[PDB]
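Geometric and topological summary
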Amino acid sequence: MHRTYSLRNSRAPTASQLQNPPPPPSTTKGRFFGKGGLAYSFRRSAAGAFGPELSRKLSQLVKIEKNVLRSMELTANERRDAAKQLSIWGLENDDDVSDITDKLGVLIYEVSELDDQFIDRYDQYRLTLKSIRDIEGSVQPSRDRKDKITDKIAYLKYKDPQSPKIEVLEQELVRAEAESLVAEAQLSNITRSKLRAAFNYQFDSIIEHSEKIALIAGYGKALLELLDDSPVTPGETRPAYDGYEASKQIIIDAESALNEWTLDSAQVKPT
Amino acid sequence: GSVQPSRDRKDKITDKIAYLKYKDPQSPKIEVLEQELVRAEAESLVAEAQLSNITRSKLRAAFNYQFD
Amino acid sequence: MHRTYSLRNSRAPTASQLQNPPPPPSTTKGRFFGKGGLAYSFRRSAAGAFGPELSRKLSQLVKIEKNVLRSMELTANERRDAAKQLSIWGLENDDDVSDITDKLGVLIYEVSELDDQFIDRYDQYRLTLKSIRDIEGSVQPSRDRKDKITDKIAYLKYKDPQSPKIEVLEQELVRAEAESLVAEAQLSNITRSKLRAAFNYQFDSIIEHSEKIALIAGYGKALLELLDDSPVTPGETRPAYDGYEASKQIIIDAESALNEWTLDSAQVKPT
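The present account deals with the structure reproduced in this document.

Reading the values: rules and limits
- Residues numbered from 1 in each chain as written, not as in the entry; some residues may be left out.
- Chains lettered and ligands numbered in written order.
- Part of a larger assembly, values for the part shown.
- Heavy atoms only, no water.
- Contact = heavy atoms within 4.5 Å.
- Buried area = accessible area lost by both parts, 1.4 Å probe.
- Salt bridge = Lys/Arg side-chain N within 4 Å of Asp/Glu carboxyl O.
- Polar contact = N/O pair within 3.5 Å; in protein donor to acceptor, adjacent residues only side chain to side chain.
- Nonpolar A, V, L, I, M, F, W, Y, C, P; charged D, E, K, R; others polar.
- Helix = DSSP H or I, 4+ residues; strand = E, 2+ residues; numbered from the N terminus.
- Expected span 1.5 Å × (residues − 1).
- Buried < 20%, exposed > 50% of the residue type's maximum accessible area, 1.4 Å probe, protein only.
- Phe/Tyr/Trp six-rings, centres within 6.5 Å; stacked < 30°, edge-to-face > 60°.
- Patch = residues over 30% accessible without salt bridge, like charges linked within 9 Å, V, L, I, M, F, W, Y side chains within 5 Å.
- Areas by Shrake-Rupley, 256 points an atom, 1.4 Å probe, with all protein chains shown as cover.
- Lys, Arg positive; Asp, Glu negative; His and termini not counted.
- Charge placed at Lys NZ, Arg CZ, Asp CG, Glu CD.
- 1 Å grid on protein atoms, 1.4 Å probe; cavity = no way out; pocket = protein on both sides within 12 Å on 5 of 7 lines; lining within 4 Å.
- Points joined across faces, edges and corners; volume = space filled by probe spheres on them.
- Axes fitted to C-alpha atoms, helices over the stretch in contact; angles between N-to-C directions.
- Parallel < 35°, antiparallel > 145°, perpendicular 65-115°, else oblique.

Our focus in this paragraph is the interface of chain A and chain C. Chain A puts five residues into the contact, and the matching count from chain C is twelve residues. Between chain A and chain C lies a buried interface of about 750 Å² when both sides are counted; carbon and sulfur atoms form 58% of it. For the chain A face of the interface with chain C, the top three residues by lost area are A:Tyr5, A:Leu7 and A:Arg8, together amounting to 85%. Taken together, the links from chain A to chain C amount to one salt bridge. The salt bridge partner of C:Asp102 is A:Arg8, with a shortest N-O separation of 3.7 Å. Joining chain A to chain C, the criterion identifies three residue pairs in polar contact. Residues of the side of chain A that touches chain C, tallied by class, amount to two nonpolar, two polar and one charged.

Further remarks concern helix α3 (residues 53–91) of chain C. Residues and elements named next belong to chain C. When the terminal C-alpha atoms of α3 are compared, their 58 Å separation across 39 residues agrees well with the 57 Å that a helix rising 1.5 Å per residue should span. Of the residues making up α3, those classed as buried are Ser-55, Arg-56, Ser-59, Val-62, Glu-65, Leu-69, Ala-76, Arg-80, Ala-83, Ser-87 and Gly-90. Considering only its buried residues, α3 is in contact with α2 (39–47) and α4 (95–159).

Residues and elements named next belong to chain A. Throughout the structure, instances matching the rule amount to 14 aromatic pairs over all chains. For the ring pair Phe-118 and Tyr-122, a centre distance of 5.9 Å and an interplane angle of 75 degrees mean the geometry is edge-to-face. Here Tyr-122 and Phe-118 lie together in helix α4 (residues 95–159), a separation of four residues that amounts to about one turn. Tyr-122 matches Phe-118 in its accessibility class, with the two residues each being buried. Geometrically, the ring pair formed by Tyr-241 and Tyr-244 is tilted, given 5.2 Å between the ring centres and 45 degrees between the ring planes. By relative accessible area, which is 21% here, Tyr-241 ends up partly exposed. An aromatic cluster is built from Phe-118, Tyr-122, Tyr-125, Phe-199 and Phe-203, whose rings are joined through pairwise contacts.

Sorting the two pairs of chains in contact by contact count puts chains A and B at the top. A gap remains between chain B and chain C, which never touch, and the nearest two C-alpha atoms on either side lie 44 Å apart.

With that settled, the discussion passes to the pattern of salt bridges. As enumerated under the stated definition, the model contains 20 salt bridges over all chains in all. A salt bridge links A:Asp95 to A:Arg238; its shortest N-O distance comes to 3.2 Å. On the criterion of sequence distance, the pair formed by A:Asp95 in helix α4 and A:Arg238 in the loop between α5 (165–226) and α6 (244–260) is long-range, its members being 143 residues apart. The exposure class of A:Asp95 is partly exposed, given its relative accessible area of 35%. Among the salt bridges present, the one from C:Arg56 reaches C:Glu53, with a minimum N-O distance of 3.1 Å. Remark: C:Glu53 and C:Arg56 occur in helix α3; sequence separation between them is three residues, near one turn of the helix. Judged by relative accessible area, which is 57%, C:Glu53 ranks as exposed. Here the residues in one salt-bridge network are A:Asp94, A:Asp95 and A:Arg238, joined through shared partners.

The next thing to look at is a positive patch on the surface. Positive charge collects at one region of the surface, where A:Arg145, A:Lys148, A:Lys152, B:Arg9, B:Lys12 and B:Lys16 lie side by side. For the positive patch, the secondary structure elements donating two or more residues are α4 of chain A together with α1 (4–23) of chain B. Topologically, A:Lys152 is positioned in helix α4.

So, about the interface of chain B and chain A. Facing the twelve residues of chain B at the interface are 14 residues of chain A. Roughly 1200 Å² is buried in total at the junction of chain B and chain A, and carbon and sulfur atoms are behind 42% of that figure. It is B:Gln35, B:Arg39 and B:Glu43 that lose the most area in chain B upon contact with chain A, and together they represent 44% of the buried surface on that side. Put simply, chain B and chain A have zero salt bridges between them. Summed over the shared surface of chain B and chain A, the number is six residue pairs in polar contact. Top contributing element to the side of chain B that touches chain A by residue count: helix α2 (residues 29–67) of chain B, with nine residues.

Residue and element names in this part refer to chain C. In total, this model carries one cavity of 30 Å³ or more according to the counting rule given. Taken as a whole, the largest cavity spans an internal volume of roughly 40 Å³. What lines the largest cavity is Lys-103, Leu-107, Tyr-219, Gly-220, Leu-223, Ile-250, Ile-251 and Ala-254. Elements that contribute at least two residues to the lining of the largest cavity include exactly α4, α5 (165–226) and α6 (244–260). Among the residues forming the lining of the largest cavity, the class breakdown is six nonpolar, one polar and one charged.

Residue and element names in this part refer to chain A. Looking at the secondary structure, you find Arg-11 in the segment before α1 (15–19). On the basis of relative accessible area, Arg-11 is assigned to the partly exposed category, the value being 45%. The sequence separation of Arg-11 and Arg-133 amounts to 122 residues, and the corresponding C-alpha distance is 36 Å. If sequence neighbours within four positions are ignored, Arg-11 has contacts with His-2, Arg-3 and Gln-17.

On to the packing of α4(C) against α6(C). All names here are of chain C. Two numbers describe how α4 lies on α6: the axes approach to 11 Å, and their chain directions differ by 5 degrees. Accordingly, the angle class assigned to the pair α4 and α6 is roughly parallel. From α4, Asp-95, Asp-99, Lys-103, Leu-107 and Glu-110 reach across to α6, where they touch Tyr-244, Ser-247, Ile-251, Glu-255 and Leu-258.

Relative to the assigned elements, A:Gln171 resides in helix α5. You can call A:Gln171 buried: its relative accessible area is 15%. Apart from the residues within four sequence positions on either side, A:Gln171 is in contact with B:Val3 and B:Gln50.

With that out of the way, let us pick up the packing of helix α3 (residues 53–91) of chain A against α4(A). All names here are of chain A. Between α3 and α4, the least distance of the axes is 9 Å, while the angle of their chain directions is 170 degrees. By the angle class used here, α3 and α4 are roughly antiparallel. Residue composition of the contact of α3 with α4, by class: 20 nonpolar, eleven polar and 15 charged.

What follows deals with the side chain of C:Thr101. Inspection of the secondary structure assignment puts C:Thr101 in helix α4. Apart from the residues lying within four places of it in its own chain, the contact partners of C:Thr101 are C:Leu86, C:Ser87 and C:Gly90.

Following this line, the structure appears as structure tokens:
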């Protein structure tokens, strides 16, 4: 988060924000529950009511992550349709305009397919989170039994300190305690391992997607440079278009670079 | 008789693990069930040890009292 | 109290009062019962009517202390809101003014959170007072029984000095007296211990809060020094503001000093 020490819900402008004023807030921000509907909210609340207490939060996280994946795939499909129909509109235009919008449509198609691949990786990470949820929520009943048996032992001791069940219940409490402390140890180990692996995978997918999208954007801007933005004076003829070969090579190079990209090929250097 | 259900749970869980492995060796429940089997086994072998100890002590004391 | 030997409800001016004339009395002193309402007064009176006689005063003290804590938390929340909305007003002003009022708002926010911490300590001290009230008010019925039994013994002796109940009642009076004198001894011991511990805790919290607030005030005055109070002549332009970094370091140092403060770090030296 970028907030400086102030009560303001506004952050100090960065270098990009200093370069130009930020655009006004989106006009599509309507008034609603802030999420669109209620069925997924009911699912989330059910995850927050019925599940075991100590696993309830992680089950809710898994459900919300599934919602995020659903929304991401839906918006990727919608972006694909938008690119297709944008190029459809650009078909009946100037030949230069038609070619430029067609190539932009292909680039957005690549962006959509890369989004789909990142979505598959994101679902793999979500499955890992589901696995850690499962193991930890199945290790919870050990401590549940420990708490129940210690409460029963306290109640029996208060009611009848000389009851014969005291010794056997004490052995059982010891046994659940040996079952439980070291189970906590194993749970911590597996939680650390699974969390580290899943988040490393997720961040590798994130950086790969970001770098591929950045390369696509750079190639698209270089190809936009090809577009002739010089206006033609009223009443004049249309100059001939000869950018088929240049955009031809540009899209060829974009595909070649996308094939060539590797995890080590990432040029992002954190400091 | 109260230490018996520990081995009962161990046998039930090992049967369930064998059945799950036969039905689906790649099922996600295999790992958690294996941890639970380990846990019941750590619960059970040393419980057998303690049971042997307490059985020896109680039997010796009771029979010494009876014979006296 | 600062009153000198005079009938005046006025005290000799101190060095601070000698430096400048005291401000006139507050204009918000309205006419009312002097406390605002009646429900808490009813609670206090109920504490002063229904409870055991010798514990009634301490129960009243606990109730009044709860009232004080309620008022303190309410005024801390109101001060927090005042700081927030003051900085809100200062948002639409000069950039120097905006920054200075924002940092002052953060400082008052720190004052409010320190007040909340002191309030928690004060409630711990109030709970200790409640504990001493409980033990002493539960030891009162021993002396109550002693007084009742001695009155009964006197009445029986007057009515029938040869009654057979005289001897058994005398043994019971002896027994309550052995129950009561040494109970007074134990009550004195526990009262001394609890009072000393609770008041030491309260005064430690008081001095910690005072020192932290004093450091905040000193840093705030040093930061007010940063403000450019030089007026600009009519019709002129606004000089550029460059105090972001200086206030940046000032608030950083204030936070560092607040972290560094310890009980032994207090620089107040009573003589």
